[PDB]
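Geometric and topological summary
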There are 2 protein chains.
Amino acid sequence: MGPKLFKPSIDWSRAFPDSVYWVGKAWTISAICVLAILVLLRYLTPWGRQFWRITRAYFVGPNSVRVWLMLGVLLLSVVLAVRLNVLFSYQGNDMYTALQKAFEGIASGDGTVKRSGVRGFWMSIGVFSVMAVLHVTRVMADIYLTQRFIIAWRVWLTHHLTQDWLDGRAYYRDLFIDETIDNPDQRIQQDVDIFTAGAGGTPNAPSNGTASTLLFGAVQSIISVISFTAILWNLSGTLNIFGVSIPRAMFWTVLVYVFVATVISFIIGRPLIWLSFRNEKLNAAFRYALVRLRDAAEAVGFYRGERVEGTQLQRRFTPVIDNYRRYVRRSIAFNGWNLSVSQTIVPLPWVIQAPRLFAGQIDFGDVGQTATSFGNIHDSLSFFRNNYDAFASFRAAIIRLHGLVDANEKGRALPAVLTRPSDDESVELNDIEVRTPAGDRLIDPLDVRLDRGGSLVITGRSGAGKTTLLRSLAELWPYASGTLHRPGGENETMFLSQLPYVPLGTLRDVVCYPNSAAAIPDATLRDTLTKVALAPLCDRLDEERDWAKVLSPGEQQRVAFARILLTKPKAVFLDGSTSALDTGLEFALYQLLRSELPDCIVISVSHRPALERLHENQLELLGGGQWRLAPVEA
Amino acid sequence: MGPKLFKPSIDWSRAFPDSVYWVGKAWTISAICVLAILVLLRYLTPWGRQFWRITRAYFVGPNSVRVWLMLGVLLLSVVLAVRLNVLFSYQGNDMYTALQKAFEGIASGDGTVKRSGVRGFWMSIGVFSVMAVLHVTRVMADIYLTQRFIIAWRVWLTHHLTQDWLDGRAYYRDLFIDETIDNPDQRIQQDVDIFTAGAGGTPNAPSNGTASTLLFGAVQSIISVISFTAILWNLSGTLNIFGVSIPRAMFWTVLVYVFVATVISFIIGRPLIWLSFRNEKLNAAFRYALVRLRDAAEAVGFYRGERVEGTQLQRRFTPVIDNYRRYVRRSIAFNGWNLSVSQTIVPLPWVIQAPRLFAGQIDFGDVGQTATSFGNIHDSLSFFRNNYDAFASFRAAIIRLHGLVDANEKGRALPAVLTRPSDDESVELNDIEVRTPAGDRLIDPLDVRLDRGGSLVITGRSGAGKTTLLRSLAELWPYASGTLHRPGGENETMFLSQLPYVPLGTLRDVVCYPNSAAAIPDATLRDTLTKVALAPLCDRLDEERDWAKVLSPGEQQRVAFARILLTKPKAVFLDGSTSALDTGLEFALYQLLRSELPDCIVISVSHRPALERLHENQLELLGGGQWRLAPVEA
Ligand SMILES: Nc1ncnc2c1ncn2[C@@H]1O[C@H](COP(=O)(O)OP(=O)(O)OP(=O)(O)O)[C@@H](O)[C@H]1O
Ligand SMILES: Nc1ncnc2c1ncn2[C@@H]1O[C@H](COP(=O)(O)OP(=O)(O)OP(=O)(O)O)[C@@H](O)[C@H]1O
Ligand SMILES: [Mg+2]
Ligand SMILES: [Mg+2]
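1. Considerations on the site of ligand 1
Near ligand 1, the surroundings consist of 15 residues, among which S462(B), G463(B), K466(B), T467(B) and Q498(B) are the closest. Ligand 1 sits at the junction of chains A and B, each of which supplies nearby residues. One nitrogen or oxygen atom from the main chain of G463(B) is found 2.6 Å from an oxygen atom belonging to ligand 1. Here an oxygen atom of ligand 1 and a side-chain polar atom of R471(B) are 3.4 Å apart. Here ligand 1 has 640 Å² of accessible area as a free molecule, and 80% of this is covered by the chains.

2. Regarding the sheet that holds strand β11 (residues 627-631) of chain A
Residue and element names in this part refer to chain A. Taken in spatial order, the 5 strands of this open sheet run β8-β9-β6-β10-β11, and their pairing is mixed. Every other strand in the sheet has two partners, leaving β8 (573-575) and β11 as the edge strands with one partner each. This sheet shows a mean twist of 15 degrees between the axes of neighbouring strands, independent of strand direction. Direction of pairing for strand β10 (residues 617-621) relative to β11: antiparallel, over a ladder of 5 bridges. Considered in β11, the bridge of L621 is made with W627.

3. With respect to the pattern of salt bridges
Between side chains of opposite charge, pairing is possible as soon as their charged atoms come close. Residue and element names in this part refer to chain A. Going through the model one piece at a time under the given rule, you end up with 36 salt bridges over all chains. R526 is the partner of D522 in a salt bridge, and the nearest nitrogen-oxygen pair spans 3.8 Å. Residue classification places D522 among the partly exposed residues on the basis of a relative accessible area of 32%. Across the pair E620 and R628 runs a salt bridge whose closest N-O atoms are separated by 2.8 Å. Judged by its relative accessible area of 45%, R628 falls in the partly exposed class. Put simply, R508, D522, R526 and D542 are held in one network by salt bridges that share partners.

4. Observations regarding a positive patch on the surface
Together, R148(A), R278(B), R325(B), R326(B) and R329(B) line one region of the surface with positive charge. Within the secondary structure, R148(A) sits in the loop between α7 (143-146) and α8 (151-165). The partly exposed category is assigned to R148(A), whose relative accessible area is 43%.

5. Here we look at the domain arrangement of chain A
Residue and element names in this part refer to chain A. Considered domain by domain, chain A is made up of domain 1 (20-410) and domain 2 (418-631). A C-alpha centroid distance of 58 Å is found between domain 1 and domain 2. Contacts between domain 1 and domain 2 engage 4 residues on the former and 5 residues on the latter. Contact between domain 1 and domain 2 buries roughly 600 Å² in total, counting both sides, with carbon and sulfur atoms accounting for 61%. Viewed at the interface, domain 2 and domain 1 are joined by 0 salt bridges.

6. Notes on the relation of the copies chain A and chain B
Once turned by 180 degrees and shifted 0.0 Å along the axis, chain A lies on chain B with an RMSD of 0.0 Å. The symmetry that links the two subunits is that of a two-fold axis. A shared binding surface is used by both copies, with 100% of the interface residues of chain A retained as interface residues in chain B.

7. Topic: the site of ligand 2
The full set close to ligand 2 counts 14 residues, and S462(A), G463(A), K466(A), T467(A) and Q498(A) are the nearest of them. More than one chain reaches ligand 2: the nearby residues come from chains A and B. Note that an oxygen atom of ligand 2 is positioned 2.3 Å from one of the side-chain N or O atoms of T467(A). A distance of 3.4 Å separates an oxygen atom of ligand 2 from a polar atom in the side chain of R471(A). In the complex, 81% of the free accessible area of ligand 2, which totals 630 Å², lies under the protein chains.

8. A short note on the coordination of the magnesium ion (ligand 4)
Here the magnesium ion (ligand 4) is held by the protein donor atoms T467(B) (OG1) and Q498(B) (NE2), which lie 2.1 to 2.5 Å from it. Pair noted here: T467(B) is in the loop between β6 (455-459) and α23 (468-472) and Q498(B) is in the loop between β7 (480-486) and α24 (560-565), with a separation of 31 residues, a long-range link.

9. Structural notes on the environment of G554(B)
All names here are of chain B. Tracing the backbone shows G554 in the loop between β7 and α24. With relative accessibility at 3%, the residue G554 sits in the buried group. When the C-alpha positions of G554 and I188 are compared, they lie 36 Å apart, and in sequence the two are 366 residues distant. Apart from residues no more than four positions distant in its own chain, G554 is found in contact with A580 and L581.

Rules behind the numbers
Residues numbered from 1 in each chain as written, not as in the entry; some residues may be left out. Chains lettered and ligands numbered in written order. Heavy atoms only, no water. Residues with missing side-chain atoms left out of burial classes, pairs and counts. Near = heavy atom within 4 Å. Polar contact = N/O pair within 3.5 Å; in protein donor to acceptor, adjacent residues only side chain to side chain. Areas by Shrake-Rupley, 256 points an atom, 1.4 Å probe, with all protein chains shown as cover. Pairing = 2+ DSSP bridges. Helix = DSSP H or I, 4+ residues; strand = E, 2+ residues; numbered from the N terminus. Axes fitted to C-alpha atoms, helices over the stretch in contact; angles between N-to-C directions. Salt bridge = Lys/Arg side-chain N within 4 Å of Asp/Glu carboxyl O. Buried < 20%, exposed > 50% of the residue type's maximum accessible area, 1.4 Å probe, protein only. Patch = residues over 30% accessible without salt bridge, like charges linked within 9 Å, V, L, I, M, F, W, Y side chains within 5 Å. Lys, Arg positive; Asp, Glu negative; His and termini not counted. Charge placed at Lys NZ, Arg CZ, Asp CG, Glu CD. Domains from an automatic or database assignment. Contact = heavy atoms within 4.5 Å. Buried area = accessible area lost by both parts, 1.4 Å probe. Least-squares fit on C-alpha atoms. Donors = N, O, S within 2.8 Å, 3.2 Å for Na, K, Ca; no water.

This is the structure we're talking about:
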C-alpha cells in the first residue's frame, strides 16, 4: 500500500527469457504422466477397452514413429496457450493498480504521483501490443496442424475396416449369426467420421481447432488448474461466519461448490446415451427403403403399386420423429441445470473482497486479478459436466463400430464343407448332406465321382433343393456335412448364378469380371465377342453408363459365355444360363464350348428336356431324400 | 463532475413500467418493415427466387393461420433480449461512477462522500440480482419454443416432396431427361434437414437456440444497432488530427472501418460455394456402391470376385479426400482474415478517451460504458462477414433441392402412347411404332384386334424387341407413336415383369401386392394358396423377415398366380412367368386359370414350344421391322 509511483508485478525484461524455461519444465512432467493416465484408462474402463481393439495397429509397429511425433507438437501448442493466459492476468492487474494513483493524485493535490502514475498506463498498453500478435499467430498456426492429423487417421481407418469386412466371405455369412447386426453401409461411410473427429456426434468441418476436441479439451483444462492455483491461494481471506472460522474461504468454497453440481449433472444425462444410439439407426433404416425403390423402378411401373409402397415409408418414418420428441425433452432439463449453476456464482468475489477495499488492505488491482482467476479455475473445472452430452453421442459411436469388428469375427466360426486338391482332374465326393435352418432334410448322404471328360445334369422338383446343393459346394452355406476333392488352384472352379450379375464400371470390366482390366490383350477381346453373336457391341467398348437396366436379361447370359472362355477353367458349374434363349442357339453354344475347350467337366441344372442329348449321366432328386443316379440312353 | 454522493443514470423505479412501453413501440415498427424487406427479397434475388418455389404452400392458404402466430412470438423473444442488453450497460456505468467517489474520499479526507459513495456500490449489485434471473428464464424458455417450429416444418416438407416424386410415374422417366440428376435418396433423407434447420451445412441438434439461426441471427443484429447508437453519438470527441478536423471521430471511424474489411471478406469466399456442393455429392456416390454390394451378396460369392470390386471402392473414394484438401486450404485464409480484423480494433476506445480522463472532462463511468458499447455495435455489424461460410453451405442446399422439383416437372413432358377406354371388352390398336434412343428401328406400324375370349403369344429373336413392346403399352416408354383402346378402369390391366419383385413388409402384403393389407378376407386367403401347391407356407403368415433372399426364384412366380386371382382382371399381360417351372405343372396352372376365370385376354411371351397348344393367334417378329401375324393349326 506504499505511495510509490508504480510497481509492476514482474520485471517485464528477462520475462521472455524466463517464460521459455517454464515451458520446458511443464512439457515433460505433463507428458510422462499423461501417458500413464492413458495406459491406466485402457485396461480398467469398459468404454475404453473397446477403443483399443478398433484402432490397434495404427499406434504400434514400425510405421507409428511418425504419428507420435505429430502428436507431440500439439502438447506444446496447448502449454503455449496456458502460458499466455497467465500473463493476460498479470498484465490486467497493472491497469487497476495505476488507475488508483492516477485518481487520488488529483484529489490529494499531488503533482509528482499523478505525473508518475499515468506513466504506468502507457506501459500496460505496451504489453497489450505484443501479447496480442502472439495470440493471433498461434490459432492460425493451430487450425492447419490439427486438420492434417485426422485426415491421415480417416484415410487409414476406412481402409482398414473394409479389408476386414470382405476378407473371408464374411459379407454373406453375417446373415446366419445369432445377434444379427444391421445396415453396414453406415458404419463405414458415416460413423468413421464421428469416431475419428472426436468432437461430438457431428462430423468434422474445417474450423475445428484444438479447443473443440474431447481429448485435447481436457489436458488444456487440467494444466490450466495447476497453473492458476498459486495465485488465489495467497490471496483469500479468513471469512469468520457464525460457528466455525474458515482459514481460507474463497479457495475452499469453489471446490465443494463444483462437487455438488457435478454429481447432480451425472444422474440426469444417464439414459442420454441410448436415446442417441437409436437416432442413428432409425435414420439409417429409412435411407435403405428408397435405394431399394430407385433401382427397382421398372417392376413397380407394371404393377401400378404406388399406394401400398406409400404406406411403407410412412410406417418406417414416424418412429424417427417420435424418437426425437422425447430426446428434446431430456436435453433441456439437463441443459437447464448446467446454466443455472454457472450463473449464480459470478457475483461471488466482488462481495467477499468488498470491505477489504474500502479499507486500505489491498489496492484495487487484486480485486480484478482475483475476479479473473476465480472466473477461470471455476470454468476450467466446469469442463467435466458442461461437455457431457457431447461425450454421450461419442460413446454411441464406439458401440456402433465395435458391433461390426466383433460380428465378422464370429462370422467365420460357422461350419462348412472341407475341400482338398485333386491330383490331375477329378471331382469326387464321399458323403454330403445339407439341411435348412428350420431343421428339415433335403438330401441324404450321397456319392458321385467324375473324371477328366464327363458331364452331368441335375433335374428335380419345382423348389425342393436344387440350388442349395450348389450353394453348399463352394464354402458358402453353413448347414452341411462332408468333404470334396477338387481340381483346385486360383480360378479353376468357375460358378454362375441363377440370377445374372453385372459390375459397376465401364464396358471393359463387364466382360472380364474375375480378371482385372488390363490383363487381357485388346486385340483378341473383340474377336471372341463375334463367336457369341454380339456384333453391334464390338464398338463403344469405352462407355461409362450403368449397365444394370440397359441390356436385356437375355443379353446378360450370352456375355457370361464370353466370361467362361476368357478364363479357361476345368471344373465349371453352371445353372440356369438359358432362361431366355430360344432353342437353336443353345446347342450351338454348347457345341462351340466343346470344340474350343476339349476337357471341362460341365455340370448343369436345367428344366427343358433338350439338354439330355449332351450329357452322359443324370441325377434326379425326388424330394425329401430319395435320389437316383443313372446313365441316359436315347 | 459534481461532488454529489451518487447519481444513478435512470431512476430505477418506474423503470419496469417504462421498459414495457418501449417493447410495444419497437415490436410493430420492426415487424411491418421486416415483412417488406422479405417481400422485396423474394422477387429480385436469384437465391431467394428459388426459395419460394420449394416451400410455397406452407405459408399461404387457410392452414397457415397458425404458422404466423407461432412465428410472431419469436420476434418478441428477440426484442426482449436486446432490451436486457441495454440495461446491462446502464447498470455497469454505475460501478465505475461510484468507485471514483469511494476512492477520492479516502485521499481527500472526506467522511461524508466516502460513506455516501459506497451506498451506490450496494445498489448496483441489487440490480444484478433481478436482471440475472430474467436472463436465465428467457433462454430456457427459448430452446423449447424454437424446437417445436422446425419439427412441424420438417414433418410437412418431407411429406410434400415424396408425394410429388412418385405422383406421375416420374420416378422412372427421369432417366431419359437431358440434364440428368443423381441419387435422389439423399435429397429427401438428409438435405431436407439442413434446409429446414437453417443453421449451417450441419443438421440440427437439440440445443440450437434463436441466436444460431441465419434468419433470426440478423434481425437480432439490426435492432441491436439502432438501439445502441443513441448512446455513443452524444459521447465521442472532436479528434483534431493533422489536416482536417473531424467533428465526431469515434462514431464515424468504425463505420468506414467495417466497410473496408467487409468487401475484402466477400472476394475470398467467392468460390467457397461450389467446393461445398461437390462434397455432398461425392459422399453420396460412395454410399451407393455399398448398398449395391450388400443385397447382391449371393452372386459375388460364386464368382470369387473380391479383387475387382476392391478396386472400385478405391476408385470412387479417393476424389473425396482430394476434394477436401483444397477445401481446407480455402477456409483457413478466409478465417485467418476475419480474426485479424476483429482483434486490431479492441484497444481503440481506451486511447481516444484517455486524456479526457486524466483531466476532469468525464468521470470514469463513461469510459467503461463507451468501451461496452463500441465492443457491441462493432461486433453486431460484424455479423455480415463472420457468418458468411455458414451461409455458403446453406446456399448449396437450395440448388441441390431445386434440382429435384424442376427435374420431375420436366419428367412428364415427354411423349407417350394415348389410351382410351373400350366399351365392353376389346383390345385393339391402330398403329404402333417403337424405337431406341440411338435412333434405330424395331417394329413397323402394326395392327391387331382382340375380343372378349381370345389369346395371343409373341415369339421372336434373342434380344431384338420383345419386352420393349410391353414397356411401351403401359405409358412407361418415351419413344413411341400411336393409340390404344383398352378395357380400362382401376385395376383392369395387370402386367407382370420379366424379373420377379417382392415388397418389403410382412407375408400378408407379399401376396396381395396391388391391393391393401386389410381389404382381403382372411378366411379365403389361405384357401387359394392350396390351389398353387404352396401348402407349407399356409402357416407363418405373420412373420417379419425380408423375403428377397429366402424364397427361390422358382417360388416367386407361383405366388404371382395367386396375385392374379385375388384381383380378377380382364386384360392380363404376362411375360416369362415360367422361367423355372418344369413341364407338367405349367399347363395345369393354365387350365386352372381358364376354369376359374372364363374370359380374360391372355397375352404371353414365351420361348419353349409347349404353349402354342393353348393360344389361337401368333405374332412373330423377324427383327428389323418385318413381322407376321397368323393363326396356328395342329
Ligand atoms: N438404354 C436403353 N434402354 C432400353 N433399351 C435399350 C437401351 N439401349 C439399347 N436398348 C435396346 O433394347 C433392347 C432390349 O429389348 P427388350 O427390352 O425387348 O428385351 P428383350 O429383347 O425382350 O429381352 P428377351 O428377348 O431376352 O426377353 C436391346 O436389344 C437393346 O438393343
Ligand atoms: N432362409 C432361407 N435361406 C435359404 N433357403 C431357405 C430359407 N428358408 C427356407 N429355405 C428353403 O430353401 C429352398 C430353396 O431351394 P434352392 O435354394 O435350391 O432354390 P431352388 O429350389 O433350386 O429353386 P429352383 O428349383 O426353382 O431353381 C426352399 O425350398 C426353402 O424351403
Ligand atoms: Mg433354384
Ligand atoms: Mg426381354
